[PDB]
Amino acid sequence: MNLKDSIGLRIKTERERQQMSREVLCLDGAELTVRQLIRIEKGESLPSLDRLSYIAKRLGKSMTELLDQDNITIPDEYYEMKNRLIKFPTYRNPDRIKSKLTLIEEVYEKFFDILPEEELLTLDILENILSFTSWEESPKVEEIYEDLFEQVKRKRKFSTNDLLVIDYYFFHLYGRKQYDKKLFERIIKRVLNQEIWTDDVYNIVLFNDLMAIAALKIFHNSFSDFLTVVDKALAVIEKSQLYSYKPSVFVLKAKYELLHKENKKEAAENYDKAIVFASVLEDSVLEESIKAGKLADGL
């Protein structure tokens, strides 16, 4: 018996004492789904502060009562390590990808017993995306993702964790000819409406979501709001000083000019801005990769 078992049993015992069904407790599932509540009551998942507060309100209990002497405090070292690994750029370098995956597993194992389901899923998302693991081969992660995405897709203000769930949604769309276009537009619009503050962790995750959006729009040949995506990516770069990512945004503007405007001159000029920027950064690997892209696009 661990922390998850003790809290889950307490919640289940009180829910059953009140003769309350899971469906009644969870209402429309916006804050807690039935499967999420089942996993909590079985001791498979720990409730986050937010889920625990919701459950206590529905049961007419205080969080203190539901906790008794149990302590769900997440050590600050967890967030320190999670933030460090989100700010750890791979640059598509396989050695750095492997190091980042090692960091993810380190934090996952060290804090497993004290993390709520949402945090563990966040780590599983990063591992699967970075290792290019098919979501179809990860069925337990997928079941948990499904309900978190049903909750995120109803929101208009996204936390860092929400943006990572959204990143895993974009991962489902990679290379997929068939997709729900109305859902994608809805998600796109809300991501573009997030405010950019001084949270570098948030901004990096937001930036990567914008790049995923841009890449899917090119793939689907759907360029509505594409310049909005470009402008928001540039604003994130400025707020968090993410200058090594700026050439990739100039390359996005080139694709827009080349594929949507069919303006080869302005596409070439945007490629040249990316190349000069990479060169001034003295990032030769990036510079040559962009020069190859310019030539491969016939410019």
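Start at 1 and count along the sequence shown; that's the residue number.
**Q** Mean Cα B factor from the PDB record: higher for 272-280, or higher for 19-27?
**A** Mean CA B-factor is higher for 272-280.
**Q** For the C-alpha atoms alone, is the average B factor greater in 96-104 or in 222-230, going by the entry?
**A** Per the deposited B-factors, the answer is 222-230.
**Q** Just to confirm, going by the entry's C-alpha B-factors, which of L259, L52, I38, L46 comes out highest?
**A** Comparing C-alpha B-factors across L259, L52, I38, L46, the maximum falls on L259.
**Q** Which third of the chain holds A56 when residues are ordered by C-alpha B factor: lowest, middle or highest?
**A** Within its chain, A56 is a lowest-third residue by C-alpha B-factor, going by the deposited values.
**Q** When the deposited Cα B-factors of this chain's modelled residues are ordered and cut into thirds, is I196 in the lowest, the middle or the highest one?
**A** For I196, whose C-alpha B-factor we compare with every modelled residue in the chain, the answer is the middle third.
**Q** Test of reading the entry: by CA B factor among the chain's modelled residues, which third contains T73?
**A** For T73, the deposited C-alpha B-factor lands in the highest third.
**Q** Comparing against every modelled residue in the chain, figure out the third that the C-alpha B-factor of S131 lands in (lowest, middle or highest).
**A** It belongs to the highest third of the chain when residues are ordered by C-alpha B-factor.
**Q** Going by the CA temperature factor in the PDB record, which third of the chain does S240 belong to: lowest, middle or highest?
**A** Middle third of the chain for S240's C-alpha B-factor.
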